[PDB]
Structure formats: structure tokens, C-alpha cells
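Structure record follows, encoded as C-alpha cells.
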Amino acid sequence: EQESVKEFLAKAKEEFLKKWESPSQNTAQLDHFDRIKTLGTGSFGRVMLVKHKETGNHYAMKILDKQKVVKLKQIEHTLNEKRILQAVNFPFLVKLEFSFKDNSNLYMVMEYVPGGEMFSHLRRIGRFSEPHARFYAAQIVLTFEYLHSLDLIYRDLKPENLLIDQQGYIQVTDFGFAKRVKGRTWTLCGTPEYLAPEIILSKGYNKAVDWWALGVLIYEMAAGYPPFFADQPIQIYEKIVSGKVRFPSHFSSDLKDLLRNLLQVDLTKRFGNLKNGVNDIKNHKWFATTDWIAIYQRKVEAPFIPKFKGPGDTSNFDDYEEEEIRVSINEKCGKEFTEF
Ligand SMILES: NC1=C(N)C[C@@H](c2nc(-c3ccncc3)no2)NC1
């Protein structure tokens, strides 16, 4: 508990709270950009590569359909996402540069990270070596230390949401389930393979669900597949609440010991949620070679640099059908999104 770390987190919370209490709004508009390519797509929104017409800079624009947000009951979650993203600041979190709305849509304009998703690189290589997995895991440990000290839970850790930048480091994206929480919270949300047992059982839960998800991620990076999988979600949930996990023989003894303490079904015994907090993780034998300050300062040479030609290259993302960005002549759902 060195005073330099305590003072760092105290200042981090001061700066977050000032932006949290006075958010920015309406800092660009759609016809300031040229549309280039669809980078991914979902049930109420998509992400598109765009170019700013006056500066030439590239950005990733997240577009949400207001009517579909209402129908799928995601109003509060969408308002959480933009308010948190405009208030945070950390080396491994993606930067929000603009936000605005119009008659039909909500827009969040982020920095474009051209190296692609961790998911693509993991599946192409097969599995990551333990030093490679540990480089990425250390970045997530520091990011969760930051978020939890601001009373934020993240709730969507998985390889699809971790983007690899030009230096080989992580940028975390997608804050659609992130929330400010003083105590417990109760919403059923997340991705099935990564959910903690207390979410599945409809209990009130806390930041310990992020430390469970870190155990799932480290297992998946080091093995090539997640610890709990099956064809139907109900079958995945039965394996999770049992907590029975089998480890490949190539895992080191230190790795198995860390994973047994992160994938602990009893949340009151889980690493990250004991009296010493994150320091039970930082001081574990599996992290003995990690220089925590050098990682934060980005002074460690990364194990892998993505191949791409420049800031507008899309070769590390995949191909989707290209659809219109339509804006109605009439305003939709104006009252619901007043504060956006
Ligand atoms: N399943 C999900 C994806 N598959 C993509 C992800 C997301 N990616 C970006 C992005 C930011 C900057 N540069 C490139 C991409 N923003 O959100 N949302 C969830």
C-alpha cells in the first residue's frame, strides 16, 4: 500500500468525479465525417470506420438506433456507457473523442485502434504462451484496480472487446454494461461463458464478478478455449455453478493455483474480494516476473505487433453487409434520451 499508489488513485477519483457531475454533450455532427467500412454489428447498433473531413483523422463511430434501444430495454445502460466513457482516463481504456444525437440515432466517436480484436489473434495462433498471456493479464489487473476505485463495475470482459494497438498493448472497448455501484447490483447481463455463479443465481452481486471473468479470460488465453462451454446456455450455467474445472497438463503449477482462486464459486473467498484486495493478485507467484510500473508506463516491449499498413487499414477486421445510416425527418424518442 505505497503512498504513491494511494495518492495516484485519489487524484484519479477526483478527476473522474468532476467530469461525472458535468458531462459533455453535442460535440460534433454526422456530416462532419465520411463513412468508410462497417467494422462490426449487433442487435441495436454497429461500429463503423469514418474519416473527419476537415482534419483527415480516422475514428471508430458506434451508432445506436434509439427505437431499438427502447424496445430491448437498454435505455439506462446506454446512458451509463456514454457518461462513464466521457469521464474516464487510463492508458488501456479507449478514448471517446466526440458524442452527439439526431432524429434517429445516438453516436459515440472513439479513437480507431487498427490492430483488431484479441479474439482474432488468439484463434489464428491457437493459444498464447504463458508470458504472452501474462503481459495482457497484467494490463487488465491494473485497469480493474482503476475502475473499481471509482466505484465502477465493467461486466463484459471477453476477447472480442480487447483491441490491440500499434505498440501491441490493449485498449478496452464496449462500456454498454458498465455501471457506477456503491454496494450490490442486480441486473442479468453479460456473455454466458464469462458469467459468475452469483449472476446466474439472481443474487445481488458486486465487483467480484469482474475478478471471476479475469479467471475465465486467462484460462482461455493460455488454453485456446474457455473453461465452461456447451451447445446451450443452460448447459454452460450448470457447469459454472458446479465450478468443476479441468486444466490442461501444459499449464504451470503457479497458473493452476491462481485460476483456482479466481474461479472460486464462493464469492467471499475469491481473489480480488478479500481484505487485501487487488494485492493478493499482484503478489501471486504467477506474476513474479511482472514489472507493474513498467507496464503502466508502456516501457515493456510487447510480445506481438499486429501487421497493418497505416491508420486507415482495415485488414485486421472482417466483412459485413453494408447498410444505410438513415435519419428520419421526424424526431424519435426525444424524451427518453434528453440527457445524452
Ligand atoms: N462484439 C463487440 C465487438 N465485436 C466490437 C466492440 C467495439 N470495437 C470498437 C472499436 C474501437 C476502436 N477501434 C476499433 C474497434 N468499439 O466497440 N463492441 C463489441
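Sequential numbering from 1, following the chain as shown.
Note that Cβ sites are derived from N, Cα and C of the backbone, with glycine treated the same way.
Summarising the annotation, Swiss-Prot assigns domain 'Protein kinase' to 33-287.
For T38 (phosphothreonine), the same-chain residues that are 6 or more apart in sequence and have a Cβ closer than 8 Å to its Cβ are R46, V47, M48, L49, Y320, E321, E322, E323. Residues annotated as phosphothreonine in Swiss-Prot, with similarity to another entry given as evidence: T38 (among others).
Note: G116 (ATP binding site) has non-local neighbours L163, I164, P306, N316, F317, i.e. same-chain residues 6+ apart with C-beta under 8 A of its own C-beta. According to Swiss-Prot, the feature ATP binding site maps to 39-47, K62, 111-117, 158-161, an assignment based on sequence analysis.
The C-beta environment of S129 (phosphoserine), restricted to residues of the same chain at least 6 apart in sequence and closer than 8 Å, consists of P303. Feature annotation from Swiss-Prot assigns phosphoserine to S129 (among others); the stated evidence is similarity to another entry.
Look at Swiss-Prot and you will find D156 tagged as active site, proton acceptor, backed by sequence analysis. Taking a C-beta cut-off of under 8 angstroms and a sequence separation of 6 or more, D156 (active site, proton acceptor) has the following same-chain neighbours: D174, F175, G176, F177, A178, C189, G190, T191, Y194.
Taken from Swiss-Prot, the feature phosphothreonine applies to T185 (among others), supported by similarity to another entry. Packing around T185 (phosphothreonine) is summarised by its Cβ count: 17 other Cβ atoms lie within 10 angstroms of its Cβ, all protein chains included.
Around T187 (phosphothreonine), the C-beta neighbours below 8 angstroms that are at least 6 residues distant in the chain are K179. As annotated by Swiss-Prot, phosphothreonine applies to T187 (among others), with the evidence given as similarity to another entry.
Positions annotated as domain 'AGC-kinase C-terminal' by Swiss-Prot: 288-340.
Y320 (phosphotyrosine) falls outside any helix or strand according to DSSP and counts as coil. Look at Swiss-Prot and you will find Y320 tagged as phosphotyrosine.
Marked as phosphoserine by Swiss-Prot on the basis of similarity to another entry: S328 (among others). In sequence order, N103, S104 are the residues near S328 (phosphoserine), counting only same-chain partners six or more apart with C-beta under 8 A.
Proximity to ligand 1 at the level of Cβ atoms, with a cut-off under 6 angstroms, picks out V113 from the recorded positions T38, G45, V113, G116, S328. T185 (phosphothreonine) and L39 (ATP binding site) are 32 Å apart (CA-CA, integer value). Just so you know, the Cβ of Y320 (phosphotyrosine) picks up 14 other Cβ atoms within 10 Å once every protein chain is counted.
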